[PDB]
Engineer: 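Input: one structure, supplied below.
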Amino acid sequence: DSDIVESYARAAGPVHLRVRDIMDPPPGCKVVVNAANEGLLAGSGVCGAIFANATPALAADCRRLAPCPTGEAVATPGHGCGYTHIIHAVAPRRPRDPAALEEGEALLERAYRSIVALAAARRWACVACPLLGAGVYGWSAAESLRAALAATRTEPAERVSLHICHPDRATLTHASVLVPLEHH
């Protein structure tokens, strides 16, 4: 646990900020979150990496399940990507000029809430998660962390610990400063 930048106490469960690749499962996490699109298609970034390490059966399962509305999540087996299961969660694209922005912050928080509720219902206690929306969808690492740390205040039926993974140390330490700074 030397990769942990910070650990936050939240109603859902501890949120750990971890310097590691999403494809390098944290100890105890058998379940990973895909930063997915509404069509559940392979993309770049995290979604690319998960699909890169899986069988075609994953695309087949997504064909059966698509679309996943923005703000929602849906599960599939992991099909050899290194995790037993994948939680495909769809973050909104960041609105370019409000008032869609406040609407989009709520939808980003909702995506995280959807992950937690889904994991709780499957009794998955630990989930490895990227910073939803912090790639091509345009959100910053701090916006995505703030959203996760807001979403996890909603108490779930069963505790779920989010291990948030990003391979770049500076991105995470920077984010860990901006979150409290907003409130300062």
Side-chain angles (χ1 to χ4, degrees), residues 1-29 31-37 44-47 49 69-73 87 89-96 98-120 124-184:
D1 285 27
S2 307
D3 52 348
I4 297 178
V5 169
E6 185 57 277
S7 288
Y8 304 87
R10 293 296 185 275
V15 180
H16 306 286
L17 210 46
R18 310 199 70 147
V19 174
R20 70 200 287 130
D21 209 83
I22 193 45
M23 308 312 312
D24 178 15
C29 293
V31 176
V32 66
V33 174
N34 184 23
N37 54 75
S44 52
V46 156
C47 183
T70 299
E72 303 306 313
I87 308 195
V90 182
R93 274 164 187 108
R94 193 185 186 287
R96 297 193 136 210
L101 173 61
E102 92 285 344
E103 229 164 23
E105 285 177 335
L107 272 174
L108 187 57
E109 287 181 26
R110 198 181 201 294
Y112 277 112
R113 278 192 333 250
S114 292
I115 293 168
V116 170
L118 197 156
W124 295 323
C126 291
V127 164
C129 192
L131 294 150
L132 290 182
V136 316
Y137 274 18
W139 301 89
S140 73
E143 283 170 320
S144 183
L145 181 55
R146 193 224 47 100
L149 292 177
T152 48
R153 299 200 191 261
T154 292
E155 199 197 341
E158 300 293 332
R159 295 270 285 179
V160 180
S161 181
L162 294 179
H163 296 243
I164 298 174
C165 299
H166 191 287
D168 181 44
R169 179 137 217 121
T171 298
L172 294 189
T173 63
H174 182 92
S176 71
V177 169
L178 254 70
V179 167
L181 182 54
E182 152 152 290
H183 310 312
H184 176 54

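FYI, side chains are in, hydrogens and waters are out, and symmetry mates aren't considered; it's all heavy atoms of this structure. Numbering starts at 1 and runs along the sequence shown.
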Engineer: Calculate, to the nearest 0.5 Å, the distance between atoms CD1 and SG belonging to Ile87 and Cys129 respectively.
Structural biologist: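 Nearest 0.5 Å value for the CD1-SG distance: 8.5 Å.
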Engineer: Begin from the C-alpha positions of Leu145 and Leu17 and carry the test side chain to side chain contact (heavy atoms under 4.5 Å, CB included) through to its verdict.
Structural biologist: CA-CA 9 Å; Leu145 181 55; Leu17 210 46; 3.7 Å; yes
Engineer: Among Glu105, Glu72, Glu103, exactly one meets salt bridge (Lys or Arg N to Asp or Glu O under 4.0 Å) together with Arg110. Which residue is that?
Structural biologist: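 Of the listed residues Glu105, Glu72, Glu103, the salt bridge (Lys or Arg N to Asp or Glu O under 4.0 Å) partner of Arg110 is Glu72.
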Engineer: Between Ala73 and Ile115, what is the shortest heavy-atom contact and its length?
Structural biologist: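 Nearest pair, atom of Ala73 first, then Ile115: CB-N, 4.3 Å.
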Engineer: Does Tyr112 reach the main-chain N or O of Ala150 with its side chain, forming a donor-acceptor pair under 3.5 Å?
Structural biologist: no
Engineer: Can you name the nearest heavy-atom pair linking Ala100 to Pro95, along with the distance?
Structural biologist: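 Closest approach of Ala100 to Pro95, heavy atoms only: O-CG, 3.1 Å.
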Engineer: Below 4.0 angstrom, N of the basic side chain to O of the carboxylate: do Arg18 and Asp1 qualify?
Structural biologist: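 Result for this pair is yes, salt bridge flagged.
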Engineer: If only atom types and distance count, is the side chain of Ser144 paired as donor or acceptor with the main-chain N or O of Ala141 below 3.5 Å?
Structural biologist: no
Engineer: Find out whether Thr152 and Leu162 are in side-chain contact, i.e. whether some heavy atom of one side chain is under 4.5 Å from a heavy atom of the other.
Structural biologist: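 Side chain of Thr152 against side chain of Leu162, heavy atoms only: contact under 4.5 Å found.
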Engineer: Using a 4.5 Å cut-off on heavy atoms from C-beta on, say whether the side chain of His184 contacts that of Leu181.
Structural biologist: yes
Engineer: Can you see which heavy atom on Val46 is nearest to which on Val33, and at what distance?
Structural biologist: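 Heavy atoms of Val46 and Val33 come nearest at CG1-O, 4.2 Å.
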Engineer: Return the CZ to NE2 distance between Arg146 and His183, rounded to the nearest 0.5 Å.
Structural biologist: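 It comes to 7.5 Å.
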Engineer: Would you name the heavy atoms of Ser140 and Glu143 that are closest together and state the gap between them?
Structural biologist: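 Residues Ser140 and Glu143, closest heavy atoms: N-OE1, 2.8 Å.
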Engineer: With a 3.5 Å cut-off and sequence neighbours excluded, list the donor-acceptor pairs that the side chains of residues 5-16 form with protein atoms.
Structural biologist:
from, atom 1, to, atom 2, distance (Å)
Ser7, OG, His16, ND1, 2.6
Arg10, NE, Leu149, O, 3.0

Engineer: Should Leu172 and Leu131 count as side-chain neighbours, where that means a heavy-atom distance under 4.5 Å?
Structural biologist: yes
Engineer: What pairs with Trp124 under ring pair (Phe, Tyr, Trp, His ring centres under 6.0 Å), at least two apart in sequence or on another chain?
Structural biologist: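 For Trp124, the residues satisfying ring pair (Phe, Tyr, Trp, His ring centres under 6.0 Å) (neighbours in sequence not counted) are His85.
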Engineer: Look at the side chain of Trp139 and the backbone N and O of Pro92, then say whether any donor-acceptor pair between them is shorter than 3.5 Å.
Structural biologist: yes
Engineer: Taking all non-hydrogen atoms of both residues into account, name the closest pair between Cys126 and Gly28 and its distance.
Structural biologist: CB-O, 3.9 Å
Engineer: Return the OG1 to CG distance between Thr70 and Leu107, rounded to the nearest 0.5 Å.
Structural biologist: 6.5 Å
Engineer: Locate the shortest heavy-atom distance separating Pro130 from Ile22; write the atom from each residue and the value.
Structural biologist: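 Closest pair (atom of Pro130, atom of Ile22, distance): N-CD1, 4.1 Å.
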Engineer: Does a sphere of radius 6.0 Å around CZ in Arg20 hold more than 12 heavy atoms from other residues, nucleotides or ligands, not counting ones at 6.0 Å or beyond?
Structural biologist: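 Atom CZ in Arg20 is crowded, with more than 12 foreign heavy atoms closer than 6.0 Å.
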Engineer: How long is the straight-line distance from CG of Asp21 back to NE2 of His166, given to the nearest 0.5 Å?
Structural biologist: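 Taking NE2 in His166 and CG in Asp21, the distance rounds to 9.5 Å.
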